[PDB]
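Source file start_19.cif; content: mmCIF, C-alpha atoms.
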data_final
loop_
_atom_site.label_atom_id
_atom_site.label_comp_id
_atom_site.auth_asym_id
_atom_site.auth_seq_id
_atom_site.Cartn_x
_atom_site.Cartn_y
_atom_site.Cartn_z
CA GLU A 1066 -2.18 -3.04 -27.50
CA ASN A 1067 1.61 -2.77 -27.50
CA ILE A 1068 1.86 -4.90 -24.36
CA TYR A 1069 -0.70 -7.36 -25.71
CA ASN A 1070 1.21 -7.83 -28.96
CA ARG A 1071 4.56 -8.06 -27.16
CA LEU A 1072 3.31 -10.76 -24.81
CA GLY A 1073 0.51 -12.41 -26.77
CA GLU A 1074 0.47 -16.09 -25.78
CA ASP A 1075 3.06 -15.94 -23.01
CA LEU A 1076 3.46 -18.66 -20.36
CA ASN A 1077 -0.24 -18.43 -20.66
CA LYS A 1078 -0.89 -14.73 -21.43
CA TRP A 1079 1.65 -12.79 -19.39
CA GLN A 1080 2.25 -14.83 -16.21
CA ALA A 1081 5.42 -12.83 -15.61
CA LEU A 1082 4.83 -9.08 -15.77
CA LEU A 1083 1.55 -9.63 -13.96
CA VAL A 1084 3.88 -10.81 -11.21
CA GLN A 1085 6.45 -8.01 -11.33
CA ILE A 1086 3.66 -5.42 -11.34
CA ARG A 1087 2.65 -6.56 -7.87
CA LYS A 1088 6.19 -5.87 -6.69
CA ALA A 1089 6.10 -2.56 -8.57
CA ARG A 1090 3.26 -1.60 -6.25
CA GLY A 1091 6.10 -0.70 -3.91
CA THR A 1092 7.06 2.93 -3.34
CA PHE A 1093 3.32 3.19 -3.30
CA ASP A 1094 0.21 1.75 -1.63
CA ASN A 1095 1.69 2.38 1.80
CA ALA A 1096 0.60 4.49 4.76
CA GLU A 1097 3.76 6.53 4.25
CA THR A 1098 2.89 9.79 2.49
CA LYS A 1099 6.24 11.57 2.16
CA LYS A 1100 9.49 9.67 1.82
CA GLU A 1101 12.03 11.38 4.02
CA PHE A 1102 15.73 10.92 3.30
CA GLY A 1103 18.17 12.91 5.38
CA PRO A 1104 17.23 16.58 5.07
CA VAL A 1105 15.53 15.92 1.70
CA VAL A 1106 11.86 14.98 1.87
CA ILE A 1107 10.09 13.98 -1.34
CA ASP A 1108 6.34 14.15 -0.75
CA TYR A 1109 4.02 12.11 -2.94
CA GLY A 1110 0.91 13.75 -1.60
CA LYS A 1111 -0.79 14.98 -4.74
CA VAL A 1112 -0.16 11.79 -6.70
CA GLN A 1113 -0.89 9.28 -3.94
CA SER A 1114 -4.48 8.78 -5.07
CA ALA B 921 -13.17 1.85 39.99
CA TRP B 922 -11.10 0.62 37.06
CA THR B 923 -14.14 -1.20 35.70
CA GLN B 924 -16.52 1.73 35.98
CA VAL B 925 -13.80 3.74 34.26
CA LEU B 926 -13.98 1.20 31.44
CA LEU B 927 -17.76 1.36 31.47
CA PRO B 953 -7.51 5.10 38.06
CA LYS B 954 -5.34 6.16 35.12
CA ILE B 955 -6.27 4.21 31.99
CA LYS B 956 -4.06 4.41 28.93
CA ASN B 957 -5.84 5.31 25.70
CA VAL B 958 -5.72 2.40 23.24
CA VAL B 959 -6.21 3.24 19.56
CA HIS B 960 -6.17 1.27 16.33
CA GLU B 961 -6.96 2.25 12.77
CA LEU B 962 -8.69 0.97 9.65
CA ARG B 963 -6.62 1.09 6.49
CA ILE B 964 -6.83 -0.43 3.03
CA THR B 965 -4.20 -2.36 1.08
CA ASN B 966 -4.41 -3.78 -2.45
CA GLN B 967 -8.03 -2.56 -2.21
CA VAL B 968 -8.97 -4.57 0.89
#

Before anything else, please render the file you have as structure tokens.
Amino acid sequence: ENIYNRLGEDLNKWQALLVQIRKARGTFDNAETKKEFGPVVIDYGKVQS
Amino acid sequence: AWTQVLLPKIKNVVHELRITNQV
């Protein structure tokens, strides 16, 4: 409801954040399971689904 | 011989099924 009120009657309804959400699907929805970085590996295994 | 192998060292070809944006 907060989002709806904030963006009620946007370009049509949102038309913008419905676009940036698709980009936000990054760091996510990829065959990669654990992001390695040097000797530090952050594993999104439990949250992936 | 290669054919009857298909049906000679053959490489194993593999490909996968995945899903993206729920497709």

Each residue of chain A lying at most 12 Å from chain B should get a row with its shortest atom-to-atom pair and the distance in Å to one decimal, counting all atoms listed in the file; could you produce that, ordered by chain and increasing number, as CSV?
residue,atom,partner,partner_atom,distance
A:1087,CA,B:966,CA,9.3
A:1088,CA,B:966,CA,11.6
A:1090,CA,B:966,CA,8.8
A:1091,CA,B:966,CA,11.0
A:1093,CA,B:965,CA,10.3
A:1094,CA,B:965,CA,6.6
A:1095,CA,B:965,CA,7.6
A:1096,CA,B:963,CA,8.2
A:1097,CA,B:963,CA,11.9

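A straight line drawn from atom CA of residue 1114 of chain A to atom CA of residue 1099 of chain A is 13.2 Å long.
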
* Asked: atom CA of residue 1112 of chain A and atom CA of residue 1082 of chain A, how far apart in Å?
  ->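 Atom-to-atom, atom CA of residue 1082 of chain A to atom CA of residue 1112 of chain A, that is 23.3 Å.
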
* Asked: Rounded to one decimal in Å, what is the spacing between atom CA of residue 1109 of chain A and atom CA of residue 1085 of chain A?
  ->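 Answer for the atom CA of residue 1109 of chain A to atom CA of residue 1085 of chain A separation: 21.9 Å.
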
For segment 1099-1108 of chain A, I'd like the enclosing box, axis-aligned and padded by 3 Å on every side, reported as lines of an AutoDock Vina configuration file with centre and edge lengths in Å to one decimal.
center_x = 12.2
center_y = 13.1
center_z = 2.0
size_x = 17.9
size_y = 12.9
size_z = 12.7

* To do: Excluding segment 1067-1072 of chain A and residues on its chain fewer than 4 positions from it, collect all residues at most 12 Å away from it, counting only C-alpha atoms, and give them as number ranges by chain.
  => A: 1076-1083
